[PDB]
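Report on the structure
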Amino acid sequence: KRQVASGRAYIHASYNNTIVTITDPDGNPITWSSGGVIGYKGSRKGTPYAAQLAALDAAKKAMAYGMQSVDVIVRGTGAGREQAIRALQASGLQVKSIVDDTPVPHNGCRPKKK
Amino acid sequence: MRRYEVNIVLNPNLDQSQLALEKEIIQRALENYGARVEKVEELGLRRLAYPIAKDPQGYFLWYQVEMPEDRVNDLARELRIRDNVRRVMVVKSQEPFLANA
Amino acid sequence: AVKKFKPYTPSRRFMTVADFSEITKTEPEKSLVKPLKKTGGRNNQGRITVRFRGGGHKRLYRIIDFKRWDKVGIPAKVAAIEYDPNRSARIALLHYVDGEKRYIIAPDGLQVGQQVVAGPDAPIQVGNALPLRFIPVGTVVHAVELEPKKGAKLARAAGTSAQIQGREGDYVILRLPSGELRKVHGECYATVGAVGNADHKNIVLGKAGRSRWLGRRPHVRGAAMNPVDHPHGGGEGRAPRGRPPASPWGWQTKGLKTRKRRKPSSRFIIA
Amino acid sequence: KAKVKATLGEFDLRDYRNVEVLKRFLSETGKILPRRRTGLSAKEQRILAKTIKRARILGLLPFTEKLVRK
Amino acid sequence: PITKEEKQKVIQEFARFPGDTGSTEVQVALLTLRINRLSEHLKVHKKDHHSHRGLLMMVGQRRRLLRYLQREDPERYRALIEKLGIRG
RNA sequence: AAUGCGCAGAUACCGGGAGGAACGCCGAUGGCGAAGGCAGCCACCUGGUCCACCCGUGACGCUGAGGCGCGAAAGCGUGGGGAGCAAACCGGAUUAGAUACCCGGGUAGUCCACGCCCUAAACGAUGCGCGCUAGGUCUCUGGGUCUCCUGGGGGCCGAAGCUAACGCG
RNA sequence: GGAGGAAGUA
Ligand SMILES: [Mg+2]
Ligand SMILES: [Mg+2]
Ligand SMILES: [Mg+2]
Ligand SMILES: [Mg+2]
Ligand SMILES: [Mg+2]
Ligand SMILES: [Mg+2]
Ligand SMILES: [Mg+2]
Ligand SMILES: [Mg+2]
Ligand SMILES: [Mg+2]
Ligand SMILES: [Mg+2]
Ligand SMILES: [Mg+2]
Ligand SMILES: [Mg+2]
Ligand SMILES: [Mg+2]
């Protein structure tokens, strides 16, 4: 909740959109952005371009609290993947961790017909 | 009356009173089940990889014994209750195997 | 775990009877302080409170111990597994090294001669009773005091159980056979184990007397009454419940959360 | 980029504890390296995973180290 | 399960001359131990229909040597049946 | 794209907790069983097969009508469990219309104990048993002083031979 | 070269 400078990011890239968010070394989040909050809709939400634009909106309001350097924990497999990273690796907030925690199971939960 | 290997992991955030309170909980148990105590490799604490009970540290124990099979699997029933203990595994006397000989 | 029959009669084609492969060969109840006197099926004004009750059989009560906090640290031996006609479960005549003799609901996997003890330091083997602040998580447990030192008022019919979901201060989380999660104190004595005769629901009464033999009289239904007696006074023919399904006193019986709302106990539940 | 196997000396592959003889059988995430990367034989690998999985239970070895820099 | 004492205790009690580890008299009384010991297995694990097959092999195998003894020598047959109580 | 969800605070986050099923890499073209089938780890019970020892029995062997047992999935009966998926059912959309493929929900079921149907692309569409008929070649598993010999299996080209051929070998 | 494991419509 508090006005800090260190922090942590968050990326989640579906096949159809790339919702991203950010927080602090604790867990209290402050901001988030998505291929819709940038302004796009529909299948345009999964266009990496749109995804690249999402991190921008996130890149801001963080700085609107006074951030400096943040951490990046990706989570997904789509195409908005790097387009946020490159958008985040170069934006104004240096990174300290390019983590991936993409949820891979051990064949437990049977999926839909897709 | 075969030779098994017992394994015992234990919380670390405790004093050598509890830490030795529980050790006898082990000892005066194998007797109640008839185990020929052969050795013990109290190696000690290790900084675990993933956390267990959301703690990354654990006091390790060890006990190669020679207990009967007609009273074995019912044992950890007496072991896996003590909520101070939260990791138990018993493994047969896997006799050693060569590699890079 | 029931005894079906052969259809030499009607009724006894489907009727089933309970399992006595575990009752201790017995019949007599040790007529100590245990057996008491009985009663009937209305109130103190002579006015039928609960309807469709009466008849049945001669029954004799069996003083059951729910207050297993008066024999702390004083162990006891299970002596015998007995029938009780006043509860779905069976009972257990158990002997105390003190020389006393008492009764406890019959739980699962309960054997005879098997040590059984009340107390905070008692073991987890089924039979023993103790406070819940001591009983570990995920533990089958029955006969619970709602409030400390009042008696077992929870989970004590046949086959019923209850888990322990975690501790919270001096209060514990409980899962009842219904499906509520309730705040109960940790100093409320409960015995460990699942009640016996888990097959009671599997029985079949086969005929009409077995209704009557159990006090439960025949149940007339509203659609046959006259609107003097029931709302659904099915006038001409099997005409329908001319809205909306209700009770002899008027309140609908379809989904009326009749539980009080401005009630203190609601603070302690999660439905 | 080579392999391992011969890298280590007389190690008891049935020993489910010498983790320092294993943490290089795990890739950079925890996934057991395949026979094609450990020089092992058929029987050799089977006896290993049975201990790897064993050792993975006592809290010594992980299942999914997070993936840094890809 | 099976120990060594479970073997030679039977064997020397059937080895129709010492050194006999396996004769049609011994073979049967060495299967008949497992059968009588394996049947009380399939009493609890009544669902192990995968072990139940080998018994019929073990039994039916034993079915044949008794058909050899009774064929060749009558005199050793029932004189072995009475010792273990077999076939009814 | 829409049905749908969402200002009543969701999607994404952190902490805690509950509950189920199923086991990523190993893992393969591999192994096991008569087939059906079998994949986390540990243990108790248990079957089948295989190698060497020159020990024993001494043809006790093979097939096997009838019989008896097992038998995928689905379905059933009685009690449970139910996170995910999902027949039937409803709606959205494409359409000429869509009783369907695509999507939003979703019951039975798939999970457990017991007892049933006993059916199949149950296929290697190749019954079991034995002997003889060139090899080359990767591999699973024993043994033997060993890029060597030998025994049991799974793959791959191919001697002669067979088939209408494909192909088997 | 053989073998194993991305189409709108009459
Ligand atoms: Mg679904
Ligand atoms: Mg070992
Ligand atoms: Mg080894
Ligand atoms: Mg009748
Ligand atoms: Mg009344
Ligand atoms: Mg009645
Ligand atoms: Mg009635
Ligand atoms: Mg009626
Ligand atoms: Mg009338
Ligand atoms: Mg919303
Ligand atoms: Mg239905
Ligand atoms: Mg049926
Ligand atoms: Mg020849």
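Structure: see above.
Residues numbered from 1 in each chain as written, not as in the entry; some residues may be left out. Chains lettered and ligands numbered in written order. Part of a larger assembly, values for the part shown. Heavy atoms only, no water.

Okay, the pattern of salt bridges next. All names here are of chain B. Evaluation of the coordinates by the stated rule reveals 20 salt bridges over all chains. Between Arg3 and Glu66 there is a salt bridge, and its shortest N-O distance comes to 2.5 Å. Of this pair, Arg3 sits in strand β1 (residues 2–10) while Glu66 sits in strand β4 (residues 55–67), placing them 63 residues apart in sequence. Note that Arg71 and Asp70 form a salt bridge whose closest N and O atoms lie 3.2 Å from each other. With a relative accessible area of 51%, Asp70 lands in the exposed category. (Salt bridge = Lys/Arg side-chain N within 4 Å of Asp/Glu carboxyl O. Helix = DSSP H or I, 4+ residues; strand = E, 2+ residues; numbered from the N terminus. Buried < 20%, exposed > 50% of the residue type's maximum accessible area, 1.4 Å probe, protein only.)

Our focus in this paragraph is the protein's contact with RNA strand F. The immediate surroundings of RNA strand F are formed by 70 residues, with A:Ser43, B:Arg2, B:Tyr4, C:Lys201 and D:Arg46 found nearest. Considering RNA strand F, the proportion of its atoms within 4 Å of the protein that are sugar or phosphate atoms stands at 80%. Between RNA strand F and A:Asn107 there is a distance of 2.4 Å, counted from a sugar or linking oxygen to a backbone nitrogen or oxygen. In the model, a base nitrogen of RNA strand F is placed 2.8 Å from a nitrogen or oxygen of the E:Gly22 main chain. Per element, the largest residue contribution to the surface near RNA strand F is 9 residues, and it comes from helix α2 (residues 42–57) of chain D. (Near = heavy atom within 4 Å. Polar contact = N/O pair within 3.5 Å; in protein donor to acceptor, adjacent residues only side chain to side chain.)

Residues and elements named next belong to chain A. The strand order across the open sheet built from 3 strands is β1-β2-β3, with neighbouring strands paired in antiparallel fashion. Edge strands, defined here as strands with exactly one partner in the open sheet, are β1 (8–13) and β3 (29–33). The sheet shows a mean angle of 15 degrees between the axes of neighbouring strands, taken without regard to direction. Both β1 and strand β2 (residues 18–23) contribute to a ladder of 6 bridges, which runs antiparallel. Residue pairing for β2: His12 is matched across the bridge by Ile19. In the packing of helix α1 (residues 48–63) onto the sheet, the strands contacted are β2 and β3, and the crossing angle to β2 comes to about 20 degrees. (Pairing = 2+ DSSP bridges. Axes fitted to C-alpha atoms, helices over the stretch in contact; angles between N-to-C directions. Contact = heavy atoms within 4.5 Å.)

Just distances and angles here, no functional claims.
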